[PDB]
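>>> just to be clear, this is only the beginning of the complex, oriented as in the whole thing:
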Amino acid sequence: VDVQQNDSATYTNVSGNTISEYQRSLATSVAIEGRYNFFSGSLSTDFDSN
(Lines give C-alpha, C1' and ligand atoms only; values in the text may rest on other atoms or scores of the structure.)
Protein backbone atom coordinates (compact mmCIF):
# COMPACT_ATOMS: atom_id res chain seq x y z
CA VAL A 1 0.00 0.00 0.00
CA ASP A 2 1.30 3.42 -1.09
CA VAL A 3 0.08 6.19 1.24
CA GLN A 4 0.54 9.84 0.27
CA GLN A 5 0.21 12.85 2.53
CA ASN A 6 -2.70 15.00 1.38
CA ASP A 7 -3.40 17.43 4.26
CA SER A 8 -5.92 19.88 2.82
CA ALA A 9 -9.07 21.82 3.61
CA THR A 10 -11.66 23.70 1.60
CA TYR A 11 -14.50 25.93 2.77
CA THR A 12 -17.46 27.46 0.98
CA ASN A 13 -20.20 29.73 2.24
CA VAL A 14 -23.10 31.19 0.26
CA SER A 15 -25.96 33.12 1.80
CA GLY A 16 -28.76 35.27 0.46
CA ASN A 17 -31.10 37.61 2.28
CA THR A 18 -34.15 39.37 0.90
CA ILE A 19 -36.83 41.72 2.16
CA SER A 20 -39.77 42.98 0.13
CA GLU A 21 -42.35 45.41 1.43
CA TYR A 22 -45.46 46.90 -0.14
CA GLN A 23 -47.83 49.38 1.43
CA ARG A 24 -51.05 51.04 0.31
CA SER A 25 -53.35 53.63 1.85
CA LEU A 26 -56.60 55.16 0.60
CA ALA A 27 -58.77 57.80 2.26
CA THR A 28 -62.05 59.35 1.11
CA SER A 29 -64.37 61.96 2.59
CA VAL A 30 -67.61 63.57 1.41
CA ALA A 31 -69.68 66.26 3.11
CA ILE A 32 -73.01 67.57 1.84
CA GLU A 33 -75.40 70.23 3.11
CA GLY A 34 -78.90 71.17 2.07
CA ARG A 35 -80.85 74.23 3.11
CA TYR A 36 -84.44 75.45 2.96
CA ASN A 37 -85.99 78.15 5.11
CA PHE A 38 -87.84 75.46 7.11
CA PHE A 39 -85.46 72.54 6.48
CA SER A 40 -81.81 71.69 7.07
CA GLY A 41 -80.05 68.59 5.78
CA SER A 42 -76.58 67.21 6.38
CA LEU A 43 -74.83 64.10 5.09
CA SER A 44 -71.31 62.84 5.72
CA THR A 45 -69.50 59.83 4.27
CA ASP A 46 -66.02 58.64 5.20
CA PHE A 47 -64.09 55.66 3.84
CA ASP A 48 -60.63 54.34 4.70
CA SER A 49 -58.73 51.41 3.23
CA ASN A 50 -55.31 50.10 4.23
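Arrived safely, thanks for sending. Numbers count the residues shown, from 1 in each chain, chains lettered A, B, ... in the order given.

>>> so what's the closest residue in space to residue A:29 that isn't next to it in sequence up against?
The shortest distance from residue A:29 to any non-neighbouring residue, by CB to CB, 6 or more residues apart in numbering, is to residue A:46 (5.3 Å). (Each C-beta comes from the backbone N, C-alpha and C, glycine too.) When contacts are counted by CB atoms under 8 Å, 6 or more residues apart in numbering, residue A:46 touches A:28, A:29, A:30.

>>> name the element residue A:46 belongs to?
In this assignment (DSSP states H and E), residue A:46 forms part of strand A:39-49.

>>> that strand pairs with which strands?
strand A:26-36 (antiparallel) (DSSP bridges).

>>> and chain B on top of that:
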Amino acid sequence: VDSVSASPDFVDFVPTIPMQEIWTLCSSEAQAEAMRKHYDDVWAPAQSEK
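Time to bring in chain B:
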Protein backbone atom coordinates in the same frame (compact mmCIF):
# COMPACT_ATOMS: atom_id res chain seq x y z
CA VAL B 1 1.77 27.60 10.03
CA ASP B 2 3.36 25.57 12.82
CA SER B 3 1.84 22.44 11.26
CA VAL B 4 3.24 23.45 7.87
CA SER B 5 6.70 23.58 9.43
CA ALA B 6 6.20 20.06 10.80
CA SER B 7 4.26 18.60 7.85
CA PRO B 8 4.59 20.43 4.54
CA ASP B 9 2.94 18.91 1.49
CA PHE B 10 3.88 18.91 -2.18
CA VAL B 11 2.67 22.26 -3.54
CA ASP B 12 4.76 23.15 -6.60
CA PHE B 13 7.48 22.07 -8.98
CA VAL B 14 11.14 22.92 -9.16
CA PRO B 15 10.89 24.45 -12.65
CA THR B 16 14.26 23.20 -13.91
CA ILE B 17 13.66 19.43 -13.59
CA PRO B 18 10.06 18.87 -12.44
CA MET B 19 9.53 15.32 -13.73
CA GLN B 20 11.18 12.59 -15.79
CA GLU B 21 9.62 10.43 -18.48
CA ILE B 22 8.86 6.95 -17.16
CA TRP B 23 10.49 5.18 -20.13
CA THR B 24 13.79 6.72 -19.08
CA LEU B 25 13.52 4.07 -16.35
CA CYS B 26 13.03 1.32 -18.96
CA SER B 27 15.27 -1.71 -19.32
CA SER B 28 15.61 -1.49 -23.07
CA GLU B 29 15.77 0.99 -25.94
CA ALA B 30 13.28 -0.93 -28.10
CA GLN B 31 10.70 -0.87 -25.31
CA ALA B 32 11.64 2.69 -24.35
CA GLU B 33 11.25 3.89 -27.94
CA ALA B 34 7.96 2.01 -28.26
CA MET B 35 6.69 3.70 -25.09
CA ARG B 36 7.92 7.10 -26.26
CA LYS B 37 6.41 6.64 -29.73
CA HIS B 38 3.06 5.59 -28.27
CA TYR B 39 3.15 8.42 -25.73
CA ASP B 40 3.95 10.96 -28.46
CA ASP B 41 1.59 9.64 -31.14
CA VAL B 42 -1.36 8.35 -29.08
CA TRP B 43 -1.61 8.88 -25.35
CA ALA B 44 -0.52 12.49 -24.84
CA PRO B 45 -2.83 13.68 -27.66
CA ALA B 46 -5.75 11.81 -26.07
CA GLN B 47 -5.06 13.12 -22.57
CA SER B 48 -4.61 16.70 -23.76
CA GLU B 49 -7.93 16.26 -25.55
CA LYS B 50 -9.54 14.56 -22.54
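
>>> again for the contacts of residue A:46, since chain B is there now?
Taking CB atoms under 8 Å, 6 or more residues apart in numbering or on different chains, we find residue A:46 in contact with A:28, A:29, A:30.

>>> and the helix or strand where residue B:33 lies, what does it pack onto?
Following DSSP H and E, the helix or strand that holds residue B:33 is helix B:29-38. The helices and strands touching helix B:29-38, judged by 3 or more CB pairs under 8 Å, 6 or more residues apart in numbering or on different chains; DSSP states H and E, number zero.

>>> what residue in chain B comes nearest to chain A?
residue B:9 (5.4 Å; CB to the nearest CB).

>>> that residue reaches residue A:4, doesn't it?
No: between residue B:9 and residue A:4 there is no contact under CB atoms under 8 Å: 9.0 Å.

>>> ok, those two, which is more surrounded?
With neighbours defined as other CB atoms under 10 Å in any protein chain shown, residue B:9 and residue A:4 compare such that residue B:9 has more, 10 against 6.
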